[PDB]
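Quick note: numbers below take in every heavy atom, side chains included, and nothing from hydrogens, waters or symmetry partners. Note on naming: letters A, B, ... go to the chains in the order of the sequence lines (proteins, then strands), and numbering restarts at 1 for each one.
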Protein chains: 2
Amino acid sequence: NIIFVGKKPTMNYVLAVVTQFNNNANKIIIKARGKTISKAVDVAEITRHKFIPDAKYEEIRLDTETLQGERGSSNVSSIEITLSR
Amino acid sequence: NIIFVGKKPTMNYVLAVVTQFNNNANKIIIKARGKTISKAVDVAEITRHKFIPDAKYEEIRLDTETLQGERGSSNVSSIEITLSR
């Protein structure tokens, strides 16, 4: 029930979301890290504009996730977007 | 009270946020659109983890906005993060 948004074209992820709503999941979670946080927002916005006109934001969580490191190495921002209805 | 996260380095925006909190602001809004939605999340996560450890997510709003593109109108994702104490 979780869609990890990665490197595929955006519409793949929009499709994954729609597919799962039409097998009556009530909640969908979209999750992304780093640069692709932009794309996760796109996925959710396209979905509710063109394809599930009644989708609403249940909640949005922002976090940081820790990465294996060399000194100076970075961690990474993450988003989790919950949709329903 | 409104910081538009654009092309400058992340730490510049962190600085503008932390300054405003040091001058006793209650609510800070960070806005970004497109690719730099990633950078906005960065600004707020770093601020929270490293400078204002009691800064809270009051509200997170995802939207779509339009801009003059290369070829007529264009739609981009936008984010509005409200941090508070």
Side-chain angles (χ1 to χ4, degrees), chain A residues 3-14 17 27-67 69 71-85, chain B residues 3-14 17-18 21 27-67 69 73-85:
Chain A
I3 293 147
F4 292 92
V5 169
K7 287 311 165 298
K8 297 177 182 186
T10 299
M11 293 301 206
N12 289 276
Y13 301 111
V14 175
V17 167
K27 294 295 183 277
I28 281 87
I29 306 280
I30 302 154
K31 183 88 217 315
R33 302 201 226 78
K35 293 179 179 179
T36 45
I37 291 172
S38 278
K39 185 191 272 192
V41 178
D42 296 344
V43 163
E45 282 280 302
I46 288 160
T47 289
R48 66 198 288 271
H49 276 45
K50 290 138 179 176
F51 307 102
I52 313 288
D54 52 304
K56 58 164 283 178
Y57 290 117
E58 275 294 331
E59 69 151 34
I60 301 147
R61 292 218 287 102
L62 301 179
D63 299 316
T64 308
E65 292 181 21
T66 322
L67 293 193
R71 159 168 230 215
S73 76
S74 282
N75 293 318
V76 68
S77 285
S78 98
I79 188 171
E80 175 187 316
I81 308 160
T82 303
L83 302 177
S84 71
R85 174 86 217 114
Chain B
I3 296 128
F4 295 93
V5 179
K7 253 42 180 201
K8 303 164 173 185
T10 303
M11 294 309 289
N12 290 48
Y13 300 112
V14 170
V17 170
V18 177
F21 273 127
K27 256 170 57 181
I28 297 305
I29 320 291
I30 297 153
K31 282 169 71 63
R33 56 180 69 172
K35 153 159 170 56
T36 61
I37 288 177
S38 282
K39 183 141 69 158
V41 172
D42 287 342
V43 170
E45 284 293 281
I46 294 167
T47 290
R48 181 177 181 170
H49 271 96
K50 295 300 190 265
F51 298 88
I52 311 298
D54 60 359
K56 265 317 297 156
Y57 285 122
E58 188 61 57
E59 193 187 334
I60 308 179
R61 184 80 196 110
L62 302 178
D63 209 341
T64 299
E65 280 169 13
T66 79
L67 282 183
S73 273
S74 64
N75 283 348
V76 310
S77 296
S78 77
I79 186 167
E80 190 201 342
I81 294 152
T82 301
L83 283 187
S84 76
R85 294 164 67 178

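- Residue B/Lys56 places its NZ atom among more than 12 non-hydrogen atoms of other residues, nucleotides or ligands, all under 6.0 Å distant.
- Looking at heavy atoms from C-beta onward, B/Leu67 lies in side-chain contact with B/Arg33 at the 4.5 angstrom threshold.
- At a heavy-atom separation below 4.5 angstrom, chain B is approached by A/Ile37, A/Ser38, A/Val41, A/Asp42, A/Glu45, A/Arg48 within residues 37-48 of chain A.
- Inter-residue side-chain proximity for B/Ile60 and A/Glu59 is flagged as unmet; no heavy-atom pair is nearer than 4.5 Å.
- Heavy-atom contacts from other residues, nucleotides or ligands closer than 6.0 Å to NZ of A/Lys27 number more than 12.
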Practice problem: Could you walk me through whether B/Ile52 and B/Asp54 pass side chain to side chain contact (heavy atoms under 4.5 Å, CB included), step by step? | Solution: CA-CA 5 Å; B/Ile52 311 298; B/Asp54 60 359; 3.4 Å; yes
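- Among residues 74-85 of chain B, the residues having any heavy atom closer than 4.5 Å to a heavy atom of chain A are, in sequence order, B/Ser77, B/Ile81.
- A/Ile30 is not listed as a side-chain neighbour of A/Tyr13, based on a closest heavy-atom distance of 4.5 Å or more.
- Contact check on B/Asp63 versus B/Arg61 returns no salt bridge, with no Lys/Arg side-chain nitrogen under 4.0 Å from an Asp/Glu carboxylate oxygen.
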